[PDB]
Amino acid sequence: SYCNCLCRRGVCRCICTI
């Protein structure tokens with residue numbers, strides 16, 4: 001339903017949910 005893939009301040013957590 002959504003995709004949250006990005007980085008910032010070391011919070012680089014590339015993922016992707018429905």
# chains A, B, ... in the order shown; residues from 1 in each chain; ligands from 1
$ residues_around --residues "residue 17 in chain A" --least-positions-apart "5" --cutoff "12 Å" --atoms "only C-alpha atoms" --output "ChimeraX atom specification"
/A:1-5
$ decode --residues "chain A" --atoms "C-alpha atoms" --output "PDB file, in the first residue's frame"
ATOM      1  CA  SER A   1       0.000   0.000   0.000  1.00  0.00           C
ATOM      2  CA  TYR A   2       3.083   2.202   0.331  1.00  0.00           C
ATOM      3  CA  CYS A   3       6.864   2.249  -0.080  1.00  0.00           C
ATOM      4  CA  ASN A   4       9.214   3.952   2.380  1.00  0.00           C
ATOM      5  CA  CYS A   5      12.751   3.835   0.981  1.00  0.00           C
ATOM      6  CA  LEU A   6      15.111   6.701   1.808  1.00  0.00           C
ATOM      7  CA  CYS A   7      17.934   7.911   4.055  1.00  0.00           C
ATOM      8  CA  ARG A   8      18.556  10.792   6.459  1.00  0.00           C
ATOM      9  CA  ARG A   9      20.860  11.427   9.418  1.00  0.00           C
ATOM     10  CA  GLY A  10      21.914   7.812   8.963  1.00  0.00           C
ATOM     11  CA  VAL A  11      18.359   6.478   8.912  1.00  0.00           C
ATOM     12  CA  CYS A  12      18.816   4.800   5.531  1.00  0.00           C
ATOM     13  CA  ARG A  13      16.136   2.101   5.624  1.00  0.00           C
ATOM     14  CA  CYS A  14      15.129   1.257   2.055  1.00  0.00           C
ATOM     15  CA  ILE A  15      11.898  -0.745   2.192  1.00  0.00           C
ATOM     16  CA  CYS A  16       8.459  -1.128   0.614  1.00  0.00           C
ATOM     17  CA  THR A  17       5.149  -2.176   2.165  1.00  0.00           C
ATOM     18  CA  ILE A  18       1.667  -2.758   0.750  1.00  0.00           C
TER      19      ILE A  18
END
